[PDB]
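Colleague: The following block contains the structure, expressed as structure tokens.
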Amino acid sequence: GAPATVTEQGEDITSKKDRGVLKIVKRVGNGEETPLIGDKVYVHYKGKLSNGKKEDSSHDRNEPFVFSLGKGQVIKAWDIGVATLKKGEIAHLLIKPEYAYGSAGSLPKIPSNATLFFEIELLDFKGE
Ligand SMILES: COc1ccc(CC[C@@H](OC(=O)[C@@H]2CCCCN2C(=O)[C@H](c2cc(OC)c(OC)c(OC)c2)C2CCCCC2)c2cccc(OCC(=O)O)c2)cc1OC
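For the sequence shown, the deposited numbering begins at 13 and goes up steadily by one.
This is the structure in structure tokens:
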């Protein structure tokens, strides 16, 4: 499925080049600018456990998910991955646990050593 396609075709966007965060651009965005640390970022997303069975989406609440980029407000893979997106871009991320919840997990929601998959649409971003 989509996770396997990211393994096969995804770009390694980690600094260590350990393939811990792999990305496919599914829809190209506009212009050249990508968000800076501190920017208010607005996204729609769907996230799941790649193996396990748990599913989460901002469409559930039918409102965008908002966070400040690069402040450790979200898992490391998002700070890394969303920084590489343009406005209007949709991307797939496959995320190994080292860039998510690691060995601790976040039980009951997230098991230990879990791989996560997300589809993320970057709606907009703004300086404060
Ligand atoms: C720096 O590390 C962390 C920082 C924050 C967290 C909490 C989960 C953090 O979620 C995440 O970082 C990732 C990426 C963003 C969308 C949500 N997300 C999740 O994993 C989802 C998620 C969604 C949640 O509710 C919306 C969670 O409840 C807080 C949650 O808790 C562990 C996890 C998963 C749900 C199961 C299926 C796979 C996805 C979170 C959730 C809701 C709002 C958040 O920030 C907005 C703000 O604070 O205004 C941050 C975990 C962190 O690492 C373990």
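A virtual CB, placed ideally from N, CA and C, is assigned to each residue, including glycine.
Could you work out which residue in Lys66, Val86, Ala95, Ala89 is closest to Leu119 when comparing CA atoms only?
Modeller: Nearest C-alpha to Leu119: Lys66.
Colleague: Among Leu105, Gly84, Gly117, which one has its Cα closest to the Cα of residue 1?
Modeller: The structure shown has nothing for residue 1, since the chain only spans 13 to 140.
Colleague: For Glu110, which option in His56, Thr96, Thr17, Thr26 has the closest C-alpha, if you only look at C-alpha atoms?
Modeller: It is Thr26 whose Cα lies nearest to the Cα of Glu110.
Colleague: Is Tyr111 helix, strand or coil by DSSP?
Modeller: Helix.
Colleague: Within 10 angstroms of its Cβ, does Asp91 collect 16 or more other Cβ (buried), or is it exposed?
Modeller: By the neighbour-count rule (16 or more Cβ atoms within 10 Å), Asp91 is buried.
Colleague: I'd like the list of long-range same chain contacts for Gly64, defined as Cβ closer than 8 angstroms, with 5 residues on each side in sequence excluded.
Modeller: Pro123, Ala126, listed in sequence order.
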